[PDB]
Protein chains: 2
Amino acid sequence: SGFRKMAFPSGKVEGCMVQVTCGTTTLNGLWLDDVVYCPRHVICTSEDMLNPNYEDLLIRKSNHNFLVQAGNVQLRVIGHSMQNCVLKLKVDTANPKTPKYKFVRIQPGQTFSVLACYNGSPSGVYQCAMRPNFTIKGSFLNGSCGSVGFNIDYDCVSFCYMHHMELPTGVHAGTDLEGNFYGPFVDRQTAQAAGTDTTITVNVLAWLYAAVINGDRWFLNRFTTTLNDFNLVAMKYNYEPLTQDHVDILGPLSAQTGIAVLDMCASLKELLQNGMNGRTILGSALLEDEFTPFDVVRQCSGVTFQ
Amino acid sequence: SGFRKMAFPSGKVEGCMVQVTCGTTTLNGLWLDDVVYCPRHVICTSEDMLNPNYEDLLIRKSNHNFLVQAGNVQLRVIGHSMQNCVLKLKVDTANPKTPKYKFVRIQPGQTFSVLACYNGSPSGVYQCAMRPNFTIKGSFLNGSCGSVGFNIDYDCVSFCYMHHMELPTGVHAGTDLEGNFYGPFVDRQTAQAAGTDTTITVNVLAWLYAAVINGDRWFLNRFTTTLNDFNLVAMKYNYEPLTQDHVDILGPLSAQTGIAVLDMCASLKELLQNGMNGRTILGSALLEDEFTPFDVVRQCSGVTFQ
Ligand SMILES: O=C(c1cc(=O)[nH]c(=O)[nH]1)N1CCN(c2ccc(C(F)(F)F)c(Cl)c2)CC1
Ligand SMILES: O=C(c1cc(=O)[nH]c(=O)[nH]1)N1CCN(c2ccc(C(F)(F)F)c(Cl)c2)CC1
């Protein structure tokens, strides 16, 4: 029993983190095989941040402008290239701790673990969701750029996020590992703001099922509803609309609890219209939307990895 | 003078198109160096479309299950792998017509050219925009899967789209060239629908500038406005909000016409509230939103390629 904000074990990622220094700027890199990946704004100085011309800035650099350290060992940079907003540093030594990996781009609503790092050294691990406005609500201080987000599928690390910047509202923006930003953000210091966020409805439903599994049942009721009647109320409270595909994803959780999805939607409808009335669900006084159906199954049924 | 829906010259892409057959299914592939890229649903039969398990389906295939033809020449498949929703077919011969290329992911509102193909043979070229709901309004018939979208930057082809499917409303969905879908779509036959589309405001403004450059001035007026007052009206008509970054992008067009962006916004505000009154702009009776500021500069000032 129990329900916690649970991250993936980070061991397989910790061994890939390195420190990258260019000039007086130091941030984190990801060392896989003989390539080190890091944000390209490592090559920017103060004069360049407002309107960087990255092709120009990179052409004026040589391999010896890049200092790469893995703990004590310094890695010799023998080549460099740019792929979108990510810099790829070819090094002379392939990381012997390279796990089986792949680069995947995630969708809004999906969760992943973040290994926050400073000076190439892992500092902490936490779980977060990609928000519908393509930001994450992370926890990052100065020096954290190049920290990565990941999921673990069996033996395979799926890298999905590299951290680039903090926006004025205190939320965070970055790229996939091919250097393509999540959301309409750019790596220059301009006045960019995240759009309107919404609540991830399929995730709230998954969390309500987790509550039932753990003995929280006070919000249930006898009624049922239709997708269209529910979505009519959800849009009024800035909730993402619910699809038939969402209903199918929640299948394993309705089966385990014997509570139909549209039955559970009727409870959610009541909670949206009446509030919590000072009661809590799984130790929270708000509706939580950063657990996917898969996260709930993983934690309430059991799945491990290497 | 003049203003047309103008696509990029397609020659450099036509020489990369091949035909891929697996079983009784034939679609188009992109042949760059010694790799052929194509949609992975080429390995699906009728029984698999509802719930494909692509890892299973691919493990039961061998290299000789894949027939690749470039015109008459058959290409020998010596290896195969899957990257997200794209299949990568290693072949024995590197395409001697491989141009300088890169794989880029585009943002909503950006435009690109589509080379529609059938049986590996180019059929037509047209220009379209990635909509805010991550679909495109293309023109595609049966057999068009694997057709690609591209931009040309100087000598370099930037591939940004591969066609996978048509949605029930008649709009189109696909991936970038790393196999990651644009939008929340999946390559299985389920009931997926595009979300609400909006009008790309910065593109409408660019088009109004193109009109002024070409002698259409009847919609102009003396007033001016602020971003917040304009965005207040725009959101009421399902227009994307306008940012300061958008204002900066439009800079070259305000300079050439001597009409400030916020001046032009006041004209747009009037057109939204009063309509066209039976008059046309650049031969259209509707506000066009599929020309970026860059497209207008390219066509109204002049830029060519190799
Ligand atoms: O390390 C942090 C940090 C991260 C965080 O999440 N929170 C926090 O407080 N600090 N930095 C802030 C972002 N920064 C940066 C440098 C250059 C550029 C560019 F592209 F314009 F050249 C940009 Cl866009 C950002 C590097 C330093
Ligand atoms: O060629 C066209 C076509 C394209 C178009 O844009 N318009 C049009 O009319 N036809 N096809 C329709 C899509 N199709 C397909 C096959 C398998 C799957 C999957 F993933 F489930 F296995 C899917 Cl999702 C789609 C292949 C054939």
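What you see of chain B is 3264-3569, where the numbers are those given in Swiss-Prot.
Looks like X-ray crystallography, 2.1 Å, at least that's what the header says.
Placed from the backbone N, Cα and C atoms, the Cβ positions cover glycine too.
According to Swiss-Prot, the protein carries these features:
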- B:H3304: active site, for 3CL-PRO activity (ACT_SITE)
- B:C3408: active site, nucleophile (ACT_SITE)
- B:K3268: ubiquitin cross-link (CROSSLNK)
- B:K3353: ubiquitin cross-link (CROSSLNK)
- B:3264-3569: domain 'Peptidase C30' (DOMAIN)
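When the neighbouring Cβ atoms lying within 10 Å are counted for each of the recorded positions (B:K3268, B:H3304, B:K3353), the highest count belongs to B:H3304. Here the CA atom of B:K3268 (ubiquitin cross-link) lies 23 Å from the CA atom of B:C3408 (active site, nucleophile). Straight-line distance linking the Cα atoms of B:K3353 (ubiquitin cross-link) and B:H3304 (active site, for 3CL-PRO activity), rounded to a whole number, equals 17 Å. Cα spacing between B:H3304 (active site, for 3CL-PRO activity) and B:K3268 (ubiquitin cross-link): 32 Å, rounded to the nearest whole number.
The Cβ neighbour count for the residue listed as 'active site, nucleophile', using a 10 Å radius over every protein chain in view, is 25.
Reduced to three states, the DSSP call for B:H3304 (active site, for 3CL-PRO activity) is helix. A Cβ distance below 6 Å to any atom of ligand 2 is met, among the recorded positions B:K3268, B:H3304, B:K3353, B:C3408, by B:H3304, B:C3408. Secondary structure at B:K3353 (ubiquitin cross-link), taken from DSSP and collapsed to helix, strand or coil, is strand.
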